[PDB]
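A.B. asks: Here it is, the structure in full.
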Amino acid sequence: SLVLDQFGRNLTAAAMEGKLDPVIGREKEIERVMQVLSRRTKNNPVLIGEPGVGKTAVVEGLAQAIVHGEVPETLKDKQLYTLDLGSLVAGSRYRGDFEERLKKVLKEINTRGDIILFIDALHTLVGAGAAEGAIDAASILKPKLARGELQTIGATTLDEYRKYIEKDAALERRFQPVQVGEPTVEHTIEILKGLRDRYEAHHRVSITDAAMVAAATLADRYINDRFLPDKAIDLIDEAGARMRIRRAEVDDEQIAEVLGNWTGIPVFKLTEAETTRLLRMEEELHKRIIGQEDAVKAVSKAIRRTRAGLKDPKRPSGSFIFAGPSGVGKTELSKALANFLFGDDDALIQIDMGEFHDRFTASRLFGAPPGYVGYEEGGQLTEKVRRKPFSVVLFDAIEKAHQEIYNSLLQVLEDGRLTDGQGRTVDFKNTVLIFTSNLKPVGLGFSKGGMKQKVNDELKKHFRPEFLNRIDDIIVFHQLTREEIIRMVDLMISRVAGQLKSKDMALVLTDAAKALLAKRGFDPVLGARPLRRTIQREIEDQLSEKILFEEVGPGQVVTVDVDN
Amino acid sequence: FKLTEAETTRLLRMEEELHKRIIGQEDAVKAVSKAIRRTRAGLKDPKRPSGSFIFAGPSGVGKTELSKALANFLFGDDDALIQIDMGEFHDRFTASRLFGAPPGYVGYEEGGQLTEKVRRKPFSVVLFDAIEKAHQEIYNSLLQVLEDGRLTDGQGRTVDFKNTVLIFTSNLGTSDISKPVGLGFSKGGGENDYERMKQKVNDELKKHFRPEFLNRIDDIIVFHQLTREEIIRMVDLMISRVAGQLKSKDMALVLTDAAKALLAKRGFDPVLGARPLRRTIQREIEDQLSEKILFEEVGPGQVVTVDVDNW
Amino acid sequence: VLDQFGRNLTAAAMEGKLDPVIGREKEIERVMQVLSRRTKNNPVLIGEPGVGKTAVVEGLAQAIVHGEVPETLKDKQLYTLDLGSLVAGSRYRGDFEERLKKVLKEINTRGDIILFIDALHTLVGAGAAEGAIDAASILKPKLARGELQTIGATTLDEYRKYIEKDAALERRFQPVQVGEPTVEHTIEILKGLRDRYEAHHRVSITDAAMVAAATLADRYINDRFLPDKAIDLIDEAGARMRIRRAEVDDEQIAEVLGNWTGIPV
Amino acid sequence: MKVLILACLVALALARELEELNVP
Ligand SMILES: Nc1ncnc2c1ncn2[C@@H]1O[C@H](COP(=O)(O)OP(=O)(O)OP(=O)(O)O)[C@@H](O)[C@H]1O
Ligand SMILES: Nc1ncnc2c1ncn2[C@@H]1O[C@H](COP(=O)(O)OP(=O)(O)OP(=O)(O)O)[C@@H](O)[C@H]1O
Ligand SMILES: Nc1ncnc2c1ncn2[C@@H]1O[C@H](COP(=O)(O)OP(=O)(O)OP(=O)(O)O)[C@@H](O)[C@H]1O
Ligand SMILES: Nc1ncnc2c1ncn2[C@@H]1O[C@H](COP(=O)(O)OP(=O)(O)O)[C@@H](O)[C@H]1O
Ligand SMILES: [Mg+2]
Ligand SMILES: [Mg+2]
C-alpha cells in the first residue's frame with residue numbers, strides 16, 4: 001500500500017470496517033484530545049492513565065468519532081494511523097535504515113496533510129532505534145513535535161510516563177498530559193452496556209442487565225491491581241466464555257463464579273451443600289475445637305456476614321483478638337477456621353509475632369522502602385495476600401511484638417488495606433484477621449470464687465486503644481473444663497491413630513484409659529498441652545518402645561488397657 | 001475556573017453537604033469548609049497549602065471520615081483521597097517511601113508514594129493518618145511543605161502542595177482523653193470531658209511536635225466525643241450501609257424507631273460512638289440478618305423490619 | 001600475557017630496569033615457598049600501602065634471572081597485571097570477560113606465566129556482581145588446581161573486607177604478610193637504592209641524609225608508610241637539587257619535608 | 001546500641017548488549 005500502512009494500522013479505516021469496539025462515555029477525554037490536536041504549536045496529547053483505564057480506547061473512540069462525523073471541522077476526515085515503533089525498527093539492520101523509514105513516515109504525513117499519528121507506548125519512543133551509534137526516534141521527532149509539523153497522540157501509562165518520559169524532560173514538554181482517569185462504576189456500566197453487542201456476537205450468549213451491574217460493582221472492590229474499565233470487561237468476557245463452553249444467558253451469578261475462581265474470593269450465591277455447611281459452621285468447627293463455644297460463634301458469624309453479602313466493603317471480614325490462657329485453642333481455632341474455608345490449615349497465613357521484637361522488623365510486614373535491600377521482595381505479609389485475598393491471617397502472639405509493630409496495622413483494620421513498600425495498597429478487606437494474644441494461678445488480693453475483665457483491661461494497658469477500637473470482637477477464652485478434656489483425649493488419640501498408625505496398626509482405647517489420660521492431663525491454668533504431654537508420656541512413648549521392640553508391631557491392633 | 005452558579009450553591013451549602021456524612025462535629029466541618037471556600041473564592045495565600053489541618057481527638061469519631069467526606073465533596077469518591085498514612089512510617093528511612101529513593105538506589109524511577117500522587121493532581125486532599133506514629137525526621141521533611149507548598153523529592157525535583165488540603169490526623173489525645181471521666185471531682189459531661197480535656201489534647205501536640213511545625217499548620221481541631229443526640233442520627237447513617245448495596249438486591253431493610261433507639265443505647269460510649277455503634281450494628285443487626293439470609297427466612301422479595309419485642 | 005595490560009617483570013629484571021631490593025629476602029622466600037606448591041600456589045602479599053609489596057616481586061623477578069629459583073620457578077616469566085586496566089573500557093557485555101579470557105589463554109599456550117595482580121579488592125566485583133561473571137569467578141577454577149600462579153597484593157583491610165568475607169577465596173590465595181619495615185631496615189633499603197637516585201638526579205646523596213629520612217618521616221608523617229615516605233624524601237630532594245642547579249644532605253632533604261607538612265620554618 | 005544499620009542498596013550498575021548498525 002503506502003508507507004503509513006506498513007508501520008501502523010489505519011485506525012479510522014478499521015473504524016469504517018467496524019472492527020473497533022464502541023466507546024461509550026469518554027466524551028470529555030475525546031473532546032480534550034481534539035482541542036489539543038487543534039492547537040498551533042504543540043498539538044500532541046499524551047493520554048496518560050492507570051493501566052486499564054482505556055487510554056487506547058479513547059483514540060479508538062476518536063477514530064470512530066472521525067468517521068462518524070462527530071469530529072470538528074479542523075479535524076475533519078483526518079486518517080488516524082496508530083504507529084508500531086516495533087514495526088519501524090524491524091529489519092533496520094543498516095545505518096540510516098531506521099531513520100529513513102521514520103523520515104519516510106514523516107515525509108508522508110507532511111505530503112498528505114491529513115494524518116493524526118498515534119504513537120501508543122510513547123515511552124518506547126525514546127530509545128527506539130537506539131544502538132551503539134544512531135539517533136533514536138525521540139530525538140528525530142523533537143523539532144517536529146514542538147514546532148507543530150506533526151500531530152501525534154501519545155498514550156502511555158502513569159508509571160511509564162514517570163519512568164521514561166519525565167526522565168527525558170525535553171520530551172515531556174512536547175506533549176500535553178490528558179488525564180484519562182479510571183472511570184467510575186456508574187461509568188463502567190455504560191461501557192459494558194455499549195460492549196454488550198460485541199460479546200453477544202462473539203460468545204453467542206446474551207449477557208443480562210444485572211450481569212453488567214454486577215461485573216462493574218464486583219470488580220471495583222474485589223480487585224485492586226487492575227482498573228475498572230478492563231477488569232469489569234474481564235468478568236463479562238470470561239463469563240461469556242463460560243457459557244460458550246457449556247453449549248443461554250450470562251447471569252448475575254455467572255459473573256461472581258468467574259470472580260470467585262479468579263481472586264479466590266467466594267462472591268457467588270451459595271450451593272445447597274455450602275449453605276447447609278455454613279449454617280453447620282459452629283458444629284463443624286467444633287470437630288476440632290473442643291469447647292470455646294463463644295469463640296467459635298464469634299468467628300463463624302464473621303464468615304456468615306461475608307457470605308450473606310453483608311460484608312462491610314471498607315472493613316475486613318473479621319478482626320479478632322483471641323486473647324486467653326495459653327493452650328486452650330487460640331492457634332487451633334485459627335487453624336480450624338483455615339481448614340474450614342480452605343481444606344487445610346497450611347492456607348493459614350500465620351505471621352509469628354514473636355519474631356518481631358523491635359521496631360524495625362515491621363519491614364517484614366510490608367517490605368523494604370525504596371533504596372534498600374529487600375525492596376524487590378516487597379513484604380512477607382502483603383505478598384501473601386495479593387495471591388490469596390480471601391485468607392485467614394493469623395498474628396500469633398501479638399503481645400510479644402513491639403509497641404509499634406501493631407501500630408502499622410491501624411489502617412489494616414478500618415480501611416482494610418496496607419500500603420506496600422513498593423507502593424501497592426493490598427486488599428486486606430476479604431481477610432479474617434486474628435490476633436492471638438497470650439493472657440498461672442490466682443491474682444493479687446481477696447476475691448470471691450476461683451477473670452475475663454483482667455484480660456480485657458490488660459489489653460487496654462498493653463495495646464494502644466486506637467488498635468482495640470479497630471478490632472471487631474475481643475474474645476477472652478475459657479478455661480478448658482474437665483468435661484472438655486475428656487473430649488480432648490479423643491481428639492489427640494485420633495492424631496496418632498490413622499495418620500501415624502498407617503502401619504496396618506489400629507489404636508483402641510478403653511473408656512477407663514481415656515479417663516486416666518483426662519485425670520492426668522487436666523490442670524485449669526494450662527489446658528490441652530499438659531494433656532498432649534501426658535499422651536506422649538503414657539501412650540505414644542510406651543507405644544514407640546513396643547513398636548521398635550516389636551512387642552506389638554505392624555499388622556496388629558493395639559488396645560490400651562488402663563495401667564493403674 | 002470561574003464558578004458555575006450550581007457549584008457556587010454547593011460551596012455555600014458545603015457544611016450541610018458534609019454533614020450528610022459527618023454527624024456532629026460542628027467546628028470541624030466548618031473550619032475545613034472554610035478552607036475550600038477561601039480557595040475557590042481566590043483568597044488563598046499563594047505560598048502555603050490550601051489547608052493544613054490537624055484532626056486531633058478521640059480515635060475514630062470522624063477524623064478519617066471527614067477527610068473522606070471532604071474527598072467526596074471535591075471529587076465524588078474516596079479513591080481521590082491521597083491517604084498516605086503515617087502509622088507505618090515508624091522508622092526514619094521509611095521517609096524514602098514518600099520521596100522515592102535518591103538516584104542510584106533501587107526504586108528511584110518509580111519511587112514516591114506521596115509526591116508522585118500529588119504531582120498528578122496538585123488539588124488533592126492528602127490524609128496523613130496517625131501522624132504521631134511516624135519518625136521525627138518525616139516531620140522535618142514535611143516542614144518544607146508547610147512553608148513553601150513545595151517539596152524536594154528523592155529524585156531532586158519539586159512538587160506542588162500549594163493546592164493540597166493537608167490533613168494531619170493525630171490520634172494523640174488518647175491517654176486520659178480516651179478515659180471518659182478525667183481525674184477528681186467535677187460536674188457532668190461538657191465540664192469533665194471538653195472543659196477538663198481539650199487543653200490536654202493541645203498539650204500533647206505541643207510536646208510531641210516541634211513548634212514551627214504547629215505554627216505553620218493553620219488549624220488544630222480537637223474533636224468531640226459524640227453525644228447521644230449525635231448517635232441517633234448516626235444509626236440512620238449506619239443502617240444505610242447495610243440497607244444499601246448489601247441489602248438493596250430485592251430486599252428492603254427498614255428499622256422501627258424502637259430499634260434505632262436500642263442501637264443508640266447499646267452503641268454509645270461517652271468517649272466514642274462511631275466504632276462501638278459499628279460493632280453493635282454488626283453484632284445485633286448484621287449477624288442476625290446474615291443467619292436469616294442464608295437460612296432464607298429473609299429472602300429476596302421481602303421487606304424485613306427490625307423491632308424490639310422486649311420493651 | 002600481552003604487554004598491553006602489564007609488563008614482563010623478568011624481562012625488565014634481565015635488563016636491570018627494576019629497583020635493587022635490599023632487605024625483604026625472607027619475604028621473597030615465603031613467596032617462593034607459596035609459588036612452589038602444586039595446588040593453591042597463589043601468594044597474596046598482605047601489607048600496608050607502599051611497604052614494598054611490588055619491591056618483593058621486583059626482587060622476585062630478579063631472582064628468576066639471578067637463579068635463586070626452586071627449579072619449579074625456573075625460567076618463569078612474571079608478567080605484572082593491572083586488574084583494573086582490564087576493567088577500564090567495559091560498558092558493554094563481554095568487554096571485561098573477553099580481555100580476561102584472552103590473558104588466561106596466553107598463559108595456557110605460553111606456559112611459564114606468574115601473574116602479579118595488585119588490588120585484589122577489585123577482584124571481587126570486577127564485573128557486575130558475584131552472580132554475574134567477574135574476575136573472582138573466572139580465575140577461581142584455575143587457582144585451586146595450581147594451573148594459574150597469581151601473586152596478590154591487598155592491604156589488610158581489603159583482605160578482610162573482600163577476601164575474608166568471600167567464601168571460597170580465602171582458600172585459593174595463601175597469605176604472605178609483608179610487614180612494615182623498621183628504621184634500620186629502611187636505611188638499608190635506601191643504601192641499595194642510592195645507585196639509582198645518584199645516577200638519575202646526577203647528585204650525591206650523603207649517608208647523613210638517609211639516617212634522617214628514616215627518622216623524620218616516622219616522626220612527622222602519619223598518613224602513609226615508611227619504605228615509601230623515606231624513599232620519597234631523597235627522591236624529591238634530588239629533584240629539587242636538579243631544579244635549583246650538587247649534594248644532598250640532611251639539610252637538602254630537610255626543606256623537602258617542610259614543603260608538605262604545615263611547618264612555616 | 002539499637003542504632004540501625006540502613007543497608008542502602010544501590011541500583012544495579014550492569015552491562016549493556018548492543019544492536020549494531022550493519023555496514024559492508
Ligand atoms: N470508554 C470506553 N468505552 C469502551 N470500551 C472501553 C472504554 N475504555 C476502555 N475500554 C475497553 O477497555 C479495555 C482496555 O484496553 P485499552 O487498551 O483501551 O486500555 P489502556 O488504558 O490503553 O491500557 P494499557 O495502558 O494497558 O494499554 C479495552 O477492551 C477497551 O476497548
Ligand atoms: N480448643 C482446643 N481444641 C483442641 N485441641 C486443643 C485445644 N486447645 C488446646 N488444644 C491442644 O493443645 C494445643 C495447644 O493449642 P493452641 O496451639 O491453640 O495453643 P494456644 O491457645 O495458642 O496457646 P499459646 O498461649 O501457647 O499460644 C493444640 O494444638 C491441641 O493439640
Ligand atoms: N461522623 C462520624 N463520626 C464518627 N464515626 C463515623 C462517622 N461517620 C462514619 N463513622 C464511622 O466511624 C469509622 C471510623 O472512622 P472515623 O473517621 O470516625 O475514625 P477516626 O475518628 O479517625 O478514629 P481513629 O483515631 O481510630 O483513626 C468509619 O469507618 C465509619 O464507619
Ligand atoms: N627492599 C625494598 N623494600 C621495599 N620497597 C623497596 C625496596 N627496594 C626498593 N623499594 C621501593 O619500593 C617502591 C615500590 O613500591 P612498593 O613499595 O612495592 O609499593 P606497595 O608496598 O604499596 O606495593 C619503589 O619506590 C622502590 O624503589
Ligand atoms: Mg498459641
Ligand atoms: Mg482514623
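Each chain in the C-alpha cells gets a letter, A, B and so on, in the order shown; residues start at 1 in every chain, and ligands are counted from 1 in the order they appear.
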Kindly provide, as a list in words, all nucleotide and amino acid residues lying within 7 Å of ligand 5, counting only C-alpha atoms and all ligand atoms.

C.D. replies: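 These are the residues that qualify: residues 326, 327, 330, 331, 396, 397 and 436 of chain A.
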
A.B. asks: Which chains and residue numbers are within 9 Å of ligand 2, counting only C-alpha atoms and all ligand atoms, if I want them as a PyMOL selection string?

C.D. replies: chain A and resi 286-292+322-335+396-397+436-439+477+480+484-485+487-489+491-492+526-532

A.B. asks: Could you tell me which residues of chain A sit within 7 Å of chain B when counting only C-alpha atoms, and give me the result as a PDB file with C-alpha atoms, in the first residue's frame?

C.D. replies:
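Done, and the output landed in out24.pdb:
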```
ATOM      1  CA  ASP A 159       4.252   4.648  35.536  1.00  0.00           C
ATOM      2  CA  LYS A 163       9.902   6.328  34.408  1.00  0.00           C
ATOM      3  CA  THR A 275     -25.491 -23.203  52.577  1.00  0.00           C
ATOM      4  CA  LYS A 301     -20.686 -15.151  62.377  1.00  0.00           C
ATOM      5  CA  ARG A 304     -21.732 -15.709  57.641  1.00  0.00           C
ATOM      6  CA  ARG A 305     -21.544 -11.928  57.198  1.00  0.00           C
ATOM      7  CA  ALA A 308     -24.590 -13.405  53.099  1.00  0.00           C
ATOM      8  CA  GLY A 309     -23.434 -10.371  51.149  1.00  0.00           C
ATOM      9  CA  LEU A 310     -23.286  -8.298  54.329  1.00  0.00           C
ATOM     10  CA  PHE A 360      12.438  -2.293  62.548  1.00  0.00           C
ATOM     11  CA  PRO A 369      11.234   1.090  51.365  1.00  0.00           C
ATOM     12  CA  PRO A 370      12.833   2.340  48.123  1.00  0.00           C
ATOM     13  CA  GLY A 371      16.613   2.387  48.131  1.00  0.00           C
ATOM     14  CA  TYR A 372      17.181  -0.525  50.499  1.00  0.00           C
ATOM     15  CA  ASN A 407       0.643   0.363  65.011  1.00  0.00           C
ATOM     16  CA  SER A 408       1.383  -0.489  61.365  1.00  0.00           C
ATOM     17  CA  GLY A 421       6.858  -0.565  50.488  1.00  0.00           C
ATOM     18  CA  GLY A 423       3.650   1.308  46.628  1.00  0.00           C
ATOM     19  CA  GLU A 466      -6.638   3.004  68.686  1.00  0.00           C
ATOM     20  CA  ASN A 469     -11.409   0.061  68.583  1.00  0.00           C
ATOM     21  CA  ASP A 472     -14.379  -6.258  65.801  1.00  0.00           C
TER      22      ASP A 472
END
```

A.B. asks: Could you list, as a VMD selection string, every residue of chain D that has an atom within 10 Å of an atom of chain B, counting only C-alpha atoms?

C.D. replies: chain D and resid 4 6 8 to 13

A.B. asks: Residues of chain A were defined as contacting chain D if any atom lay at most 10 Å from it, counting only C-alpha atoms; please report them as a list in words.

C.D. replies: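 So the contacting residues turn out to be residues 92, 93, 94, 95, 96, 97, 98, 129, 130, 131, 132, 133, 134, 358, 359, 360, 369, 370, 371, 372, 373, 374 and 375 of chain A.
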
A.B. asks: Please produce a file of the residues just selected, as a short mmCIF file (atom, residue, chain, number, x, y, z; two decimals), in the first residue's frame, where the atoms kept are N, CA, C and O atoms.

C.D. replies:
```cif
data_model
loop_
_atom_site.label_atom_id
_atom_site.label_comp_id
_atom_site.auth_asym_id
_atom_site.auth_seq_id
_atom_site.Cartn_x
_atom_site.Cartn_y
_atom_site.Cartn_z
N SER A 92 15.64 -2.96 10.29
CA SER A 92 16.52 -1.80 10.14
C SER A 92 17.94 -2.16 10.55
O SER A 92 18.47 -1.66 11.54
N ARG A 93 18.55 -3.05 9.77
CA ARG A 93 19.90 -3.51 10.07
C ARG A 93 20.91 -2.41 9.80
O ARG A 93 21.82 -2.18 10.60
N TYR A 94 20.76 -1.72 8.68
CA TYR A 94 21.80 -0.81 8.22
C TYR A 94 21.72 0.51 8.98
O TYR A 94 20.92 0.69 9.89
N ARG A 95 22.60 1.44 8.59
CA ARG A 95 22.88 2.58 9.46
C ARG A 95 21.76 3.60 9.45
O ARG A 95 21.27 4.01 10.50
N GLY A 96 21.34 4.02 8.27
CA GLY A 96 20.30 5.02 8.22
C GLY A 96 18.94 4.41 8.01
O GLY A 96 18.00 5.11 7.61
N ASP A 97 18.82 3.12 8.28
CA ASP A 97 17.64 2.39 7.85
C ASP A 97 16.44 2.70 8.73
O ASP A 97 15.34 2.86 8.22
N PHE A 98 16.63 2.82 10.04
CA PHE A 98 15.51 3.22 10.90
C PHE A 98 15.16 4.69 10.72
O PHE A 98 13.99 5.05 10.77
N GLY A 129 15.20 2.45 18.09
CA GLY A 129 16.32 2.51 17.19
C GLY A 129 17.63 2.90 17.84
O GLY A 129 18.59 3.19 17.12
N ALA A 130 17.68 2.93 19.17
CA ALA A 130 18.93 3.21 19.86
C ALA A 130 19.89 2.04 19.71
O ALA A 130 19.49 0.88 19.78
N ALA A 131 21.16 2.37 19.52
CA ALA A 131 22.18 1.37 19.25
C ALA A 131 23.52 1.94 19.73
O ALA A 131 23.55 2.88 20.54
N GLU A 132 24.62 1.35 19.26
CA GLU A 132 25.95 1.87 19.56
C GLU A 132 26.13 3.27 18.98
O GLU A 132 26.80 4.13 19.58
N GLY A 133 25.54 3.51 17.82
CA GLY A 133 25.56 4.80 17.15
C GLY A 133 24.23 5.53 17.15
O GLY A 133 23.89 6.26 18.09
N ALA A 134 23.49 5.29 16.07
CA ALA A 134 22.40 6.08 15.51
C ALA A 134 21.35 6.67 16.46
O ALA A 134 21.06 6.12 17.52
N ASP A 358 11.64 -5.84 67.82
CA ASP A 358 11.95 -4.42 67.80
C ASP A 358 11.19 -3.75 66.68
O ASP A 358 10.47 -4.39 65.91
N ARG A 359 11.37 -2.43 66.59
CA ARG A 359 10.55 -1.58 65.74
C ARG A 359 10.81 -1.77 64.27
O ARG A 359 9.96 -1.44 63.45
N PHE A 360 11.96 -2.31 63.92
CA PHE A 360 12.44 -2.29 62.55
C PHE A 360 12.17 -3.59 61.81
O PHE A 360 12.41 -3.67 60.61
N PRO A 369 11.56 -0.10 52.13
CA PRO A 369 11.23 1.09 51.37
C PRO A 369 12.16 1.22 50.17
O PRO A 369 13.11 0.43 50.05
N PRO A 370 11.92 2.17 49.26
CA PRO A 370 12.83 2.34 48.12
C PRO A 370 14.25 2.73 48.53
O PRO A 370 14.46 3.56 49.41
N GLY A 371 15.22 2.10 47.87
CA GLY A 371 16.61 2.39 48.13
C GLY A 371 17.27 1.49 49.15
O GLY A 371 18.33 1.84 49.65
N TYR A 372 16.66 0.36 49.47
CA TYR A 372 17.18 -0.53 50.50
C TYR A 372 17.06 -1.95 50.01
O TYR A 372 16.28 -2.24 49.09
N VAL A 373 17.85 -2.85 50.59
CA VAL A 373 17.87 -4.23 50.13
C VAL A 373 16.59 -4.91 50.60
O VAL A 373 16.00 -4.52 51.61
N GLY A 374 16.12 -5.88 49.83
CA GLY A 374 14.82 -6.44 50.09
C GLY A 374 13.67 -5.59 49.61
O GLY A 374 12.53 -5.82 50.02
N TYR A 375 13.93 -4.60 48.75
CA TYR A 375 12.84 -3.82 48.18
C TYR A 375 12.11 -4.62 47.11
O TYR A 375 10.91 -4.43 46.90
#
```

A.B. asks: Just the residues within 8 Å of residue 107 in chain C, please, counting only C-alpha atoms, with nothing from its chain fewer than 4 positions along; format it as number ranges by chain.

C.D. replies: C: 1, 103, 111-113, 148

A.B. asks: What are the DSSP strand (DSSP E or B) residues of range 2-214 of chain A, as a list in words?

C.D. replies: residues 10, 45, 46, 47, 48, 49, 79, 80, 81, 82, 94, 115, 116, 117, 118, 119, 120, 152, 153, 154, 155, 157, 176, 177, 178, 179, 206 and 207 of chain A

A.B. asks: Please run DSSP on the backbone and report, as a ChimeraX atom specification, all residues within range 133-344 of chain A that come out as alpha helix (DSSP H).

C.D. replies: /A:137-147,158-160,169-173,185-194,196-203,209-222,228-243,252-260,272-279,281-285,293-307,330-342

A.B. asks: Generate the output file for the selected residues, C-alpha atoms, as a compact mmCIF listing (two decimals), in the first residue's frame.

C.D. replies:
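What ended up in out15.txt:
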```txt
# COMPACT_ATOMS: atom_id res chain seq x y z
CA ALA A 137 13.19 8.09 17.28
CA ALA A 138 12.59 10.66 20.02
CA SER A 139 15.45 12.96 19.03
CA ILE A 140 14.31 12.72 15.42
CA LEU A 141 10.81 13.90 16.34
CA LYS A 142 11.85 16.69 18.75
CA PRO A 143 11.85 19.58 16.20
CA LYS A 144 8.58 18.38 14.68
CA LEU A 145 6.61 17.99 17.90
CA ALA A 146 7.33 21.47 19.25
CA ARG A 147 7.03 23.45 16.01
CA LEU A 158 1.24 6.73 34.51
CA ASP A 159 4.25 4.65 35.54
CA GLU A 160 5.84 4.69 32.08
CA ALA A 169 12.40 16.44 30.36
CA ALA A 170 12.70 17.83 26.83
CA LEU A 171 10.26 15.19 25.55
CA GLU A 172 7.77 15.73 28.39
CA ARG A 173 7.15 19.39 27.50
CA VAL A 185 -18.72 2.04 38.38
CA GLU A 186 -21.63 4.10 37.06
CA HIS A 187 -19.48 4.95 34.05
CA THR A 188 -18.35 1.35 33.64
CA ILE A 189 -21.91 0.01 33.42
CA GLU A 190 -22.32 2.32 30.44
CA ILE A 191 -19.10 0.96 28.93
CA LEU A 192 -20.37 -2.57 29.44
CA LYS A 193 -23.83 -1.95 28.01
CA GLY A 194 -22.13 -0.45 24.98
CA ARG A 196 -22.80 -5.96 25.18
CA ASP A 197 -23.32 -6.35 21.43
CA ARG A 198 -19.66 -7.20 20.82
CA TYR A 199 -19.69 -10.05 23.34
CA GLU A 200 -23.13 -11.36 22.44
CA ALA A 201 -21.75 -11.57 18.90
CA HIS A 202 -18.51 -13.29 19.91
CA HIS A 203 -19.60 -15.71 22.63
CA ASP A 209 -28.64 -6.28 32.57
CA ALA A 210 -27.79 -7.39 36.10
CA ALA A 211 -24.55 -9.00 34.95
CA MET A 212 -23.25 -5.67 33.67
CA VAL A 213 -24.14 -4.05 37.00
CA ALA A 214 -22.53 -6.96 38.85
CA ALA A 215 -19.29 -7.06 36.84
CA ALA A 216 -18.62 -3.37 37.34
CA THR A 217 -19.58 -3.43 41.01
CA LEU A 218 -17.81 -6.67 41.91
CA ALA A 219 -14.64 -5.75 40.05
CA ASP A 220 -14.25 -2.46 41.93
CA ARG A 221 -13.94 -3.87 45.45
CA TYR A 222 -12.67 -7.39 44.83
CA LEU A 228 -12.40 -0.59 36.33
CA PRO A 229 -12.95 -0.47 32.52
CA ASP A 230 -10.81 -3.58 31.83
CA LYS A 231 -11.32 -5.62 34.99
CA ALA A 232 -15.09 -5.36 34.61
CA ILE A 233 -14.71 -6.24 30.93
CA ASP A 234 -12.66 -9.24 32.10
CA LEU A 235 -15.65 -10.59 34.01
CA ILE A 236 -18.13 -10.16 31.16
CA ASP A 237 -15.72 -11.65 28.62
CA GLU A 238 -14.78 -14.69 30.66
CA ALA A 239 -18.33 -15.46 31.82
CA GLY A 240 -19.27 -15.23 28.18
CA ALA A 241 -16.52 -17.79 27.67
CA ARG A 242 -18.06 -19.90 30.41
CA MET A 243 -21.34 -20.24 28.55
CA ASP A 252 -25.74 -12.02 37.67
CA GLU A 253 -24.35 -15.12 39.39
CA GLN A 254 -22.35 -16.23 36.35
CA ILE A 255 -20.10 -13.21 36.89
CA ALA A 256 -19.50 -13.99 40.56
CA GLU A 257 -18.39 -17.54 39.78
CA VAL A 258 -15.80 -16.10 37.39
CA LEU A 259 -14.55 -13.64 40.00
CA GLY A 260 -14.62 -16.37 42.65
CA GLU A 272 -27.27 -26.00 48.60
CA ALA A 273 -24.47 -28.01 50.21
CA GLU A 274 -22.43 -24.90 51.08
CA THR A 275 -25.49 -23.20 52.58
CA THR A 276 -26.06 -26.09 54.98
CA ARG A 277 -22.34 -26.35 55.82
CA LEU A 278 -22.18 -22.67 56.68
CA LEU A 279 -25.15 -22.97 58.99
CA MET A 281 -20.22 -23.86 60.75
CA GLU A 282 -20.24 -23.88 64.55
CA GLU A 283 -20.76 -27.65 64.70
CA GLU A 284 -18.13 -28.25 62.02
CA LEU A 285 -15.55 -26.07 63.75
CA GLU A 293 -18.29 -22.01 72.10
CA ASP A 294 -18.50 -18.21 72.08
CA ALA A 295 -15.10 -18.14 70.37
CA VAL A 296 -16.46 -20.23 67.51
CA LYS A 297 -19.79 -18.42 67.20
CA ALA A 298 -17.97 -15.10 67.08
CA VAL A 299 -15.69 -16.17 64.24
CA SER A 300 -18.40 -18.18 62.47
CA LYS A 301 -20.69 -15.15 62.38
CA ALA A 302 -17.93 -13.21 60.62
CA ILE A 303 -17.94 -15.74 57.79
CA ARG A 304 -21.73 -15.71 57.64
CA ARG A 305 -21.54 -11.93 57.20
CA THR A 306 -19.12 -12.29 54.29
CA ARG A 307 -21.17 -14.97 52.56
CA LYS A 330 -6.19 -19.80 70.20
CA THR A 331 -4.00 -21.02 67.34
CA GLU A 332 -6.10 -24.17 66.96
CA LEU A 333 -9.25 -22.15 66.20
CA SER A 334 -7.32 -20.14 63.64
CA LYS A 335 -6.31 -23.46 62.10
CA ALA A 336 -9.82 -24.89 62.38
CA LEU A 337 -11.07 -21.76 60.63
CA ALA A 338 -8.46 -22.08 57.89
CA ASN A 339 -9.28 -25.75 57.36
CA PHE A 340 -12.97 -24.89 57.15
CA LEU A 341 -12.51 -22.22 54.50
CA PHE A 342 -9.78 -23.93 52.50
```

A.B. asks: Could you pull out the residues sitting within 6 Å of ligand 1, using only C-alpha atoms and all ligand atoms, and write them as a list in words?

C.D. replies: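 Those residues are residues 21, 22, 23, 24, 25, 26, 51, 52, 53, 54, 55, 56, 57, 157, 191, 229 and 230 of chain A.
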